[PDB]
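Reviewing the structure listed below.
FYI, side chains are in, hydrogens and waters are out, and symmetry mates aren't considered; it's all heavy atoms of this structure. Throughout, a chain's letter reflects where its sequence line sits, starting with A, and its residues are numbered from 1.
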Amino acid sequence: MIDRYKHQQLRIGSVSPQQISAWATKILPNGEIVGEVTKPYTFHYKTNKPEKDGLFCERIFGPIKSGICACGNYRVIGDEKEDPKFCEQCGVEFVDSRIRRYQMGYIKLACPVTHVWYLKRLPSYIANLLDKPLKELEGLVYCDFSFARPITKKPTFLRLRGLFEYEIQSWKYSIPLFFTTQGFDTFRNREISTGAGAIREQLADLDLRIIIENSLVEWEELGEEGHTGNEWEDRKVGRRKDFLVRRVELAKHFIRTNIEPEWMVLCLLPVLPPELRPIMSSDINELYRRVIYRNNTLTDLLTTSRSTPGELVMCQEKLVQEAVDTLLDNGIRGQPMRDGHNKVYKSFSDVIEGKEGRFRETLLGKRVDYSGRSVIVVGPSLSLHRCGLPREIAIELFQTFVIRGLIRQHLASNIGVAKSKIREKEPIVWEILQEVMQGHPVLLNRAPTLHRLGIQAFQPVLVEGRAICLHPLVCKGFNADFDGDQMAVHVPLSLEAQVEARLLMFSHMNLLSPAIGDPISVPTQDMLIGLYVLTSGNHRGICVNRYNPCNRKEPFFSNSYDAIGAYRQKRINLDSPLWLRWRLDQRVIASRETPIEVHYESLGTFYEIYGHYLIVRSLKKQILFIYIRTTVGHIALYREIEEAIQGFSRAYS
Amino acid sequence: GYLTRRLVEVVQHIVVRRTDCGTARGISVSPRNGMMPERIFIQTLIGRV
Amino acid sequence: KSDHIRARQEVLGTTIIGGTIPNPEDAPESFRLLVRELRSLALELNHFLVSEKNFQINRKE
Amino acid sequence: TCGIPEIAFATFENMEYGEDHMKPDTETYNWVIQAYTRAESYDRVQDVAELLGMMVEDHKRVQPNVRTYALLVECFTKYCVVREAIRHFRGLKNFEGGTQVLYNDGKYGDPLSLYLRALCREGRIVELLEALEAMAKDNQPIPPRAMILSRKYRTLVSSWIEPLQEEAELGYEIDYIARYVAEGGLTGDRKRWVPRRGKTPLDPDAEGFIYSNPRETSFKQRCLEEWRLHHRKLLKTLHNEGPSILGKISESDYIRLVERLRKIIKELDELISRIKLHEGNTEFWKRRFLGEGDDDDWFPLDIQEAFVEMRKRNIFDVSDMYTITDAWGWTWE
Amino acid sequence: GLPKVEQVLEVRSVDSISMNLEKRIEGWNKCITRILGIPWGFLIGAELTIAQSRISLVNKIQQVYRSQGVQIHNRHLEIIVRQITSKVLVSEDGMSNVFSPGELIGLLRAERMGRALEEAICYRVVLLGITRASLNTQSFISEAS
RNA sequence: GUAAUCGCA
DNA sequence: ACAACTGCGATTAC
DNA sequence: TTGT
Ligand SMILES: [Mg+2]
């Protein structure tokens, strides 16, 4: 029994800047490269047109209309005549405007930024790989500091070799003048670095094998006698050991995952497709404009002159990094960074994470077409497979099917005439609607879908009203009461879905709850009362007679049909006792009680009187006659069950 | 509602994909171990292989 | 019935003509959105189904 | 031979949990071990261990062959698991041509050479001599991976001496220029020892291993380490076995032995020799488990009473007490 | 009632679930190291703890459900319980190329590795709460997210 | 398109 | 730092 | 808040 092998493997990882560039980079026919976002403008002033090289730019992302372009000349894609893919005058390509939905962008950053998830989370992967403490890295990122040696694979003349340089007061003006100024610029990277170059050089110039070796050595060293010490010292040793183990695991994974720790610091930032952030304007786009403005100001300050003050460019770098942090994930650092109305900005982490986040709100739960809701009422003359459905709902659910019916029969020429006839409520439309859904299954469901019986399948029956009728016995499953409850309706389009609904999801196939396997559909409120009145019994003792019968039931019926007819004719009451002859079955459940009295005559026939039946026999030990003492209710219940079984068996043939 | 959600997640993956796995071990159900409730013993035995 | 633009467009045509509705193989717009979002967050996601016949990896976009 | 270790595991699970006619055999386990061992994407080392544990079915005709030992040695070598690699190489030695099968034509990094290098680096040179004797018996020449270090003195013969990563004194001075032209001088073909940013080992001995070459440890260091480990496990047995021991002198000898053991790990020698470390003796453990040596369902708090309760409830039994030693029948150990 | 049901399932503490259970578990953890040696002590201790915890975890939930008249079959409770008690925690002492200290593996996988590998693998049973269990799964998109 | 507020069962 | 019922419908305010 |  070789199984059908299906192999699907989703993969996630950190992406290089080359890939996020190739997600946006495109080569036009002229030869220019598009994809770079460089201007904060989204739309033109009082023109409602996409600005060039902006967040909504047509050139880098795509055209706003299908077949139309920003140049003003409409074109048809896929035509037989030769047509240029993109206008020479305008970069926008001639394509359907679905690309704006799936097309990405990227902003080049002059100063690198650090990912918030890796840095500012309580488990810091960057602080784990770089044994430097988390406070030192957070300072070097946010508070102007200096790292003495960021490169360990190149020659270094200066012998500072320090972790955190709290000030630049060290003599550097005499050092820069001495060396050629261009030369000083050339080696400053191997020299003390600040802000976002030290982290990238440490992550890049690093040997994971040396890291795991040193961590294993330090692990072997620690733990010899740490437990013997105090609880504080043992706790410190334990925490260090756990940090070392996490470092070993991170380095071992980085060795064999074709992912580089260099990619944790983002050189280039991707930009979401325009349609996904449509401007009405979204915060996403507000944060995008802010980071674009800060980045272009930083680029202007850098390209202006090298003699520019370091304080200004450093502050603008901090502002760019804070904007990138607010864009990616806001709230991890603890600063809300509210809007002008003192309202916090939403971030991508807030978009994905949450009940109202991307996952739970969209992927795992969604609404469908072909659906309707209405209140529910009891239909007490429906069968377990049939349910009452209003016509104004059915015409909207099965509209395409009745359109196809009007097209097939000589009643409608085109789809428009058929839709107009359906809107006009013509009488033939209702006939076609009835003929359409005679074999189509309807999926009803309820809002509190706790168990698996919340969604079932029935056969829709056209009714004249606005309330969906439901069978009474099926209420327990849905926990439904007709006090204002509403339900939804779903129509399976595909043939496989129809077969599934008709075979698996029907009520007659689900009569046992999946908890303990007990009957879930049983008479509950009124049918139980009727059955109890039927099978209750009769006044037997002092209630039926005022005096003792010692000083001193009557009707005898050969068939149950005669007794039921007498009850219908009001000859005998419901609880009135009677005698019913039985054909040698002895199926009456009763107590293990001996006969109260036995009459034996000379000729050999002895009468045995029991509590609820009389059994006459003869000398040959032959059961001549059996008479059961009961009421019309018990025989009515027995006859209705037996006749249901027999009618089912006969209808099968 | 909260309790119903979490439970489903933990055991969502399980699905019957084999007729038999080949295990030769089984739990031993004895009444006298747990004060011998007859109804509980019957409910425990019913449905098992 | 929810998100697949192409399939949904084809559903009306197949129902009006009467042909059988094929099973959609492409990812819904919700998944594609996620990929775009996660890749805006610098996180990749690829389907990468592998054929059991010839042991080849095929990316679904 | 695809390169994805999950397509073969699906077939293995289909065979394992299927009917009797489709149940796995030794060849199936060997194929899945080869698939998991020669992967190029992730660790896949615990997978091989779990597969070996599943391979423990003694009375199901599932017995190891030459390929099983060869693949296990290769896997445990590539992941620096030297002890189990030696355990399985001792079994591979018994088969004829087993070392030739381990050297799978040199297509997959010369696993025999990787095994020899792993033995040389850690310093377990007695097992290296055993492997060389096995290769001589099976007529297998040394693979060409006798890689020299930065110092040309390094070889599998003497890289384990006390002076490590240092060249010995010779009468003639070291002619580095001669060496330069010997490796290849100005022919643009020399190994330049310069660290690079990419995740590629500059050392050529690390090639073939999943993570890195085994750490360099001398023979004397390995001997002192195994001595400390033996004394530490002896002290552990003395601790978890109570004061009761073969030695009859309790008072002074206990203190003397505990202080001498604490000194060793970091003339009364007969007392230490009396302590016996019973490791791998399944019979002793089975005899110990057998006991020869509210108002809810609760097990008795006593250990032996819990054991008899489990044996009564069939949770665990002495028949289930087995390891590869017994199953694959390796007597030598 | 229902708060007590949540409590047992998310095993915040073993004292919460039962004092006798915690006492027996710590007694086994302490004593089993002495007898049965290294390779056949961890396995038998894990099996004993699994049996006792499963029996306890069920009996408690079934009693809580039956006190109110709710009749549920023990099979549904068992499937969930297995997941809670199906993983093991490696102790901090043992670090090797195969496994690292503090990792979480499966009971059957741990036993099969202990049978095969001479390298001492020190593992102890960690009952994992429903939530923790979900956060530790093979799929990062279904239960982790 | 998002919030606030109430209701529903 | 993290999560705490399920959905539906109405209004006004941006 | 409540607890994790
Ligand atoms: Mg109601």
Side-chain angles (χ1 to χ4, degrees), chain A residues 42 116-125 127 134 138 274-278 282-286 325 329-331 334 336 340 344-347 349-362 364-368 372 374-377 393 444-448 453-455 466-468 470 475-476 478 480-490, chain B residues 1-10, chain C residues 2 33, chain E residues 2-7 9-13 16 128-136 143-145:
Chain A
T42 57
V116 40
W117 289 3
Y118 301 143
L119 225 194
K120 290 192 297 187
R121 289 302 175 87
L122 244 302
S124 307
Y125 300 93
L134 175 58
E138 287 190 359
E275 287 219 23
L276 266 50
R277 30 165 192 88
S282 63
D283 284 353
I284 305 301
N285 265 329
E286 186 172 356
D325 160 70
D329 185 12
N330 194 336
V344 297
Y345 284 110
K346 303 303 180 179
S347 60
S349 299
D350 299 71
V351 173
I352 53 178
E353 187 185 341
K355 2 235 149 156
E356 14 77 47
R358 172 95 300 104
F359 285 81
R360 301 178 55 177
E361 227 298 89
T362 63
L364 301 176
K366 51 186 58 182
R367 45 224 305 110
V368 297
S374 180
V375 294
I376 47 145
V377 290
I393 288 188
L444 243 55
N445 61 279
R446 296 82 208 158
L453 279 311
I455 311 179
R466 291 190 173 91
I468 304 179
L470 253 204
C475 300
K476 190 183 290 294
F478 311 140
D481 42 353
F482 314 100
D483 63 342
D485 285 22
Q486 311 180 39
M487 284 182 197
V489 189
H490 293 131
Chain B
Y2 193 19
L3 182 60
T4 302
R5 176 172 175 261
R6 292 144 60 182
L7 293 179
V8 169
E9 283 141 357
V10 71
Chain C
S2 307
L33 243 67
Chain E
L2 211 285
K4 189 172 184 178
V5 174
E6 189 257 4
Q7 164 195 335
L9 261 347
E10 191 69 38
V11 199
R12 313 210 178 274
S13 292
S16 77
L128 276 101
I130 294 300
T131 304
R132 295 186 47 187
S134 307
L135 292 173
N136 298 272
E143 323 298 343
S145 302

Just the rounded figure in Å: distance from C1' of G:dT6 to CG of B:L3.
15 Å
Among all residues two or more places apart in sequence or in another chain, which pass the side-chain hydrogen bond (donor to acceptor under 3.5 Å, both in side chains) test with A:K366?
C:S30
Return the value, rounded to whole Å, for the distance between atom CZ of A:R367 and atom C1' of G:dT6.
14 Å
In chain order, what residues pass the side-chain hydrogen bond (donor to acceptor under 3.5 Å, both in side chains) check against A:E353, with sequence neighbours excluded?
none
Any side-chain N or O of B:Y2 below 4.0 angstrom from OP1/OP2 of G:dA4?
yes
Pull out every protein N or O sitting under 3.5 Å from an N or O of nucleotides 1-4 of chain H, one pair per line with the distance.
unit_1, atom_1, unit_2, atom_2, d
H:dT4, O3', E:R12, NH1, 3.4

Report the residues that fulfil salt bridge (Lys or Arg N to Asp or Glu O under 4.0 Å) with E:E143, sequence neighbours left out, ordered by chain and then residue number.
none
For A:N445 and G:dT6, give me the distance from atom CG to atom P, rounded to whole Å.
17 Å
Rounding to an integer number of Å, can you tell me how far E:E143 CD sits from G:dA3 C1'?
17 Å
What is the separation between atom CG on A:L119 and atom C1' on G:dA1, rounded to the nearest whole Å?
16 Å
Please assess A:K120 against A:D329 for the test salt bridge (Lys or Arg N to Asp or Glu O under 4.0 Å), listing each intermediate value before the final yes or no.
CA-CA 10 Å; A:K120 290 192 297 187; A:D329 185 12; over 6 Å; no
Between protein and nucleotides 6-8 of chain F, what N or O pairs are separated by less than 3.5 Å?
none

Are any of A:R360's side-chain N or O atoms less than 4.0 Å away from OP1 or OP2 of G:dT6?
yes
Whole-Å distance separating the CD1 atom of A:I376 from the P atom of G:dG7
19 Å
Mind checking salt bridge (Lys or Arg N to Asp or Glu O under 4.0 Å) for B:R6 and listing every partner two or more places apart, or none if nothing turns up?
E:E6, E:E10
Is the backbone N or O of A:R277 less than 3.5 Å from a side-chain atom of A:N285, with the two atoms forming a donor-acceptor pair by type?
yes
Just jot down the ring-ring contact (aromatic ring centres under 6.0 Å, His included) partners of A:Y125, sequence neighbours excluded, or say none.
none
Output all residues satisfying side chain to side chain contact (heavy atoms under 4.5 Å, CB included) with B:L3, sequence neighbours left out; order by chain, then residue number.
B:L7, E:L2, E:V5
Rounded to the nearest Å, what distance is computed from the CD atom of residue A:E356 to the P atom of nucleotide G:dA4?
11 Å
Set of side-chain hydrogen bond (donor to acceptor under 3.5 Å, both in side chains) partners for E:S134, sequence neighbours left out
none
Could you tell me which residues satisfy side chain to side chain contact (heavy atoms under 4.5 Å, CB included) with A:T362, sequence neighbours excluded, listed by chain and number?
A:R358
Structure string for RNA chain F in dot-bracket form, Watson-Crick and G-U at under 3.5 Å, | interchain:
||||||||.
Classify the nucleic acid contact of A:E353 as base, sugar-phosphate or nothing, counting any heavy atom under 4.0 Å across all strands shown.
sugar-phosphate
Tabulate protein N/O versus nucleotide N/O from nucleotides 10-12 of chain G, keeping only pairs under 3.5 Å, one per line.
none

